[PDB]
Amino acid sequence: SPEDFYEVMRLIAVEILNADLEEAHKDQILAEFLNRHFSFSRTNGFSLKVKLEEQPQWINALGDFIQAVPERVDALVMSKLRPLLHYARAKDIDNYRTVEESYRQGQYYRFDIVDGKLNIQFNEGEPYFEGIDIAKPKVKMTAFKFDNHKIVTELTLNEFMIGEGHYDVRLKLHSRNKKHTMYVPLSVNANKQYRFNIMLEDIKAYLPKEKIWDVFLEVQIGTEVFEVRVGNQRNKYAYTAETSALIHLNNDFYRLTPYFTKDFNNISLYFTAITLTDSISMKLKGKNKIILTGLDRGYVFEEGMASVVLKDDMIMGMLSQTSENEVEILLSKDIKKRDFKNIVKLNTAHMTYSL
Amino acid sequence: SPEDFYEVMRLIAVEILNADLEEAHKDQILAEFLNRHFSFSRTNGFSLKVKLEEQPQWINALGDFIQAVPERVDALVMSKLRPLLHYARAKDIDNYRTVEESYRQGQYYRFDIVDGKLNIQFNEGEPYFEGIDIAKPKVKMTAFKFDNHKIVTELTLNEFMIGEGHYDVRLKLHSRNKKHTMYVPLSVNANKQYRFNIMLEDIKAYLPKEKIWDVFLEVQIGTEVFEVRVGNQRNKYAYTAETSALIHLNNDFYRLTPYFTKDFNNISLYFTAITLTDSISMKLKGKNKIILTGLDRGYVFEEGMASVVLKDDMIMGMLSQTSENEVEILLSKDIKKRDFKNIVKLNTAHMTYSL
Amino acid sequence: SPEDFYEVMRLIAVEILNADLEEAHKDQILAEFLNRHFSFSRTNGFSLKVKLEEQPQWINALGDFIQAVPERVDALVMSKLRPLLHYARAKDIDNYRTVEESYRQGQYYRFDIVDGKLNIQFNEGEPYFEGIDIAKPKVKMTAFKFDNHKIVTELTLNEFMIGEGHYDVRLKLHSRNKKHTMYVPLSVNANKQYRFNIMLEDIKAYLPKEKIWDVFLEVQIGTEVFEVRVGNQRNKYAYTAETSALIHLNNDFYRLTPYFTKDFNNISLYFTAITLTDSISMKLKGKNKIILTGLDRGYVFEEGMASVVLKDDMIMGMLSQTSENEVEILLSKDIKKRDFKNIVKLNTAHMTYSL
């Protein structure tokens, strides 16, 4: 129960003050006490979790507890807590929730940035709290689709202390050895859902430099840069593990394989050479259907128009991903078995693969 | 005639000063007097409208009139008028026009921004006028084309007090209830003509959230943001009203319909469900042509390669928009009437529609 | 040899001081002396050119020479030399090289920008040198490919005093008369390799305004803009001179021709009208191959799916660039010679050309 709890934290704050050493050393010890308690106790975001009727009962005890700590100490504590300490002593939970609410989406009544920090007035007539640090945004990968033509991924900023439009975002590919880097511009965003089209024709020339490419979201605020590793929060990955995309580069074949890391479950891209006939079989089904089968893993191809090229003939077709390791190319006419063996080239809607 | 006119405005300025109340209250009343007169009288942009020979005759009378108002008052008047008041008293119309000229395109001899405001020196050797506010840009929609694959729109900033390169622009879709938002990056710009390619594959996932999407141009200068509603100034809209684009989304069909609002003639996008066979007929013409007819409104499709898919066969074709509600798909071979009834799938160059 | 050389420069610095005129006029004459010597002598970048063992022998003599010039003068010399003058007197070549190293890629131990200038601490514990100007980046065009559908060019910043991520870049097309302009956004970048996809459908409407379009790279740092003319440093151009791309615009045909200027060997784009049948021949080879031959210059087309349209029939094909002025369209079926003469329309994968 609230005031039985904050009763206790009040007395602990009292004894830190009546310990036996200097004045300013007690507040530093005390300042660390409420950085942690507001970060890791019941107090964090109580105005959004507790239902609205019981929260009046919460702010009284918090108020008497926060009344016990001197106003001096609000300068050494983490900057984003100064408003909550102030409305705690004032037992003002319309504004206390507003603040905790204001941090989640970055919607303040009035605000602006100064020196890369926030100055916020949370409601009309209330003071401005100045110099509030900007914490790292939480990112959830809410979509991830890919084929042999592009990768489409959606990253959703679930929590960020600053609203849409005042920051820039890019998708960052960082090699595991940190030596090489790729940046993909934003394609479109709907509120805080950020969608990136990674065209493999754009990144084919740079991928061979390293095998492991880790995915980050870069978020820039003027010149303060956040590097957010992405993947550990996500919607359910839509493919069987090791599902890959076929890449063709300087007469050689490669696979691009998304996967999730062992230590922290983040998403990365594995790029390595293959031998096409060891990885994918090509067979004739009926007289007008070509079937591509991933032998060890699924390969996803873009659906739509396709063609097969012989040395003196060509046939159009329609490609469809019938299963996660099986692709059907429905040809526009019959192909004899003897000529099927002489396919020189296979094309999807945007890519060509010389056999 | 000029000095008969500015004669009068001089005497009106004289009587505001000889009214009977405090000193600073007269200038505020006076400051509002010339905010309006420069905004809504013959004086606005006279150096660009009047032909060059008669303007010398204008600046003398303006000079004697502006000579009557104290230099004190140039601090409470709208910031962008301070240069014109100064060159008025100086009866300097080479610089007066230069200023009015300088505001139209944002081409100053010397300038830079400070606190989101302009500090301008209009000619060599002349003073710097500091702290000039930036008014909202005028936008004209100079192109708007669309099909079932993308929207291409060109927005031209006809007037803006700051030159190309120092601001950013994005295309904003804002739901009528302000709840949801889409931002499209700039695709290319030629001087102050800004072209946006809105790929429907990029926005298909976000459109179903609301029916009405209003079009804005966002213009950002550091952190000062302008929201400009667009459409009321435009070149002639190139389609018959209610012309739409067909969208396919999770087995369901929709229309995306550009239109212009009743109250202020701005352009918006209407997204709503349809029943394909109630809206579009598909018929065979001759033996090798498929005709799509919009029954209630025209539907625009991307011209170029297309195909029709049957359950065990496929046929390529060429799509052409023969009229605004009629589309022809010229097939590569004949199709029997009995098989035309068994078309399972229809594809344009970039989109697929399962029947 | 080092100290025989810097011996001399020391004495020259001595006599500039013992000349007969004012104090501050000698330092200005002296300040210009070491702007040039560090810019155009053995001293420039010696810590990166000389091999590591012999450089200790270099910094002693430089030290005694730089010891002779007063510390007063480091304020009037070019800002980026202040660290090297300081570590010269200190004969500190671990830090001297670090600085020269730090300028090449823009990798400082600690730094930030202030007023569009750098404040740098080069190693842990060392002072901060403040107010360092940012010189123009060196640009090398490391790739340039094009066809009738897009231009793909890669620009590599070989040297830039500021690391990736803190600046923006755009590709600029500037008409020779400076009247018209085109800006192409960045498509992707890998470290300091910046790739631009210039879609001709995006720039077709703006190209007719002028014939000569010069290529620049714009680099923006807050509001300080660099205009870097590109082309004179490049990898070997991949096409024969005058190789062009065919453009179709309002029933008329044009060529877009990259070329390099006479005076400074920079790359530009020439846009001018042609008569299709005077520039490109179309002939039948065998019964299923259409050959496009550039008569006066090569024309590059995008490889992949293509089609030819007759007034009541259409044929798909595969386009391949067999030589730099010869293109083969391998049709899906035979075409009679009498119907080949009645081709109304020719399509590549993304473009259409009405004959």
Side-chain angles (χ1 to χ4, degrees), chain A residues 115-116 168 170-175 178-187 196-210 213 218-220 222-223 225 227 304-317 331-333 344-352 354, chain C residues 107 111-114 116 118-119 142-143 145 149-150 152 154 156 162-170 184-197 199 221-222 285-289 302-307 314-321 328-334 349-350:
Chain A
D115 301 283
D168 301 339
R170 303 194 289 174
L171 193 56
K172 181 180 180 183
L173 304 184
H174 211 182
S175 64
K178 318 280 155 188
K179 294 221 174 78
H180 303 94
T181 225
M182 291 191 246
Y183 292 98
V184 185
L186 181 64
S187 296
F196 297 85
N197 300 326
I198 304 164
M199 317 304 290
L200 309 176
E201 180 184 350
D202 291 341
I203 71 176
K204 258 209 310 193
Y206 310 120
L207 279 167
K209 301 166 173 184
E210 308 281 333
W213 298 89
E218 179 202 271
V219 173
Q220 174 144 217
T223 54
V225 184
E227 211 193 8
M305 299 169 191
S307 64
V308 288
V309 176
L310 299 96
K311 186 245 185 273
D312 208 39
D313 193 25
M314 73 79 63
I315 314 174
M316 294 292 302
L331 297 174
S332 69
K333 69 170 188 176
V344 159
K345 201 169 304 179
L346 188 138
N347 283 48
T348 63
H350 299 90
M351 319 295 292
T352 179
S354 177
Chain C
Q107 154 90 71
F111 85 99
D112 45 78
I113 81 150
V114 167
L118 262 42
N119 300 346
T142 39
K145 314 290 196 188
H149 167 250
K150 63 175 180 179
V152 183
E154 183 187 75
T156 298
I162 174 170
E164 206 287 330
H166 305 290
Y167 53 94
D168 301 339
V169 306
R170 303 194 289 174
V184 185
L186 181 64
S187 296
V188 67
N189 70 280
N191 292 272
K192 287 175 177 292
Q193 300 172 105
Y194 293 84
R195 169 177 296 242
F196 297 85
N197 300 326
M199 317 304 290
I221 304 170
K285 174 176 170 175
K287 300 305 296 147
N288 62 343
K289 285 172 179 168
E302 45 164 354
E303 296 190 310
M305 299 169 191
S307 64
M314 73 79 63
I315 314 174
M316 294 292 302
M318 265 282 304
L319 189 152
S320 60
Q321 191 99 33
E328 171 192 277
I329 298 176
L330 177 61
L331 297 174
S332 69
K333 69 170 188 176
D334 283 349
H350 299 90

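Atom set for the values below is all heavy atoms of this structure, side chains included, hydrogens, waters and symmetry mates excluded. So you know, we letter chains A, B, ... as the sequences are listed, proteins then strands, and number each from 1.
At a 4.5 Å heavy-atom cutoff, the contact between A:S307 and chain C is made by backbone and side-chain atoms alike. For A:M316, the part lying under 4.5 angstrom from a heavy atom of chain C is the side chain only. Using a 4.5 Å cut-off between heavy atoms, A:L310 contacts chain C through its backbone alone, with no side-chain atom that close. Only the backbone of A:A349 comes within contact range of chain C, with heavy atoms under 4.5 Å apart. In this structure, chain A has heavy atoms under 4.5 Å from both the backbone and the side chain of C:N189. In this structure, chain A has a heavy atom under 4.5 Å from the side chain of C:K289, while its backbone stays farther away.
Between C:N191 and A:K179 there is no side-chain heavy-atom pair separated by less than 4.5 Å. Counting heavy atoms from C-beta on, the side chains of C:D112 and A:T223 never come closer than 4.5 Å. In this structure the side chain of A:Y206 reaches within 4.5 angstrom of the side chain of C:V188, judged on heavy atoms.
Rounding to the nearest 0.5 Å places CZ of C:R195 at 10.5 Å from CE of A:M182. Distance check: C:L319 CG to A:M314 CE gives 11.0 Å after rounding to the nearest 0.5 Å.
Nearest heavy atom pair, residue C:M305 against residue A:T348, reads CE-O, 3.5 Å. Residue C:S187 comes nearest to A:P185 through the heavy atom pair O-CD, 3.2 Å, listed as atom of the first residue, atom of the second, then distance.
Highest contact tally toward chain A, considering only C:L186, C:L330, C:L331, is held by C:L330 [criterion: heavy-atom pairs under 4.5 Å].
In this structure a side-chain-to-backbone donor-acceptor pair under 3.5 Å is present from C:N288 to A:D312.
A:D202 and C:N197 form a side-chain donor-acceptor contact under 3.5 Å, judged by distance and modelled atom types alone.
Enclosure of atom NZ in A:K311 is not indicated, since only 12 or fewer non-hydrogen atoms of other residues, nucleotides or ligands lie within 6.0 angstrom. When the shell of 6.0 Å around CD of C:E302 is examined, it contains more than 12 heavy atoms from other residues, nucleotides or ligands.
Between A:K172 and C:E164 there is no salt bridge, since none of the side-chain N atoms of the basic residue sits less than 4.0 Å from a carboxylate O of the acidic one.
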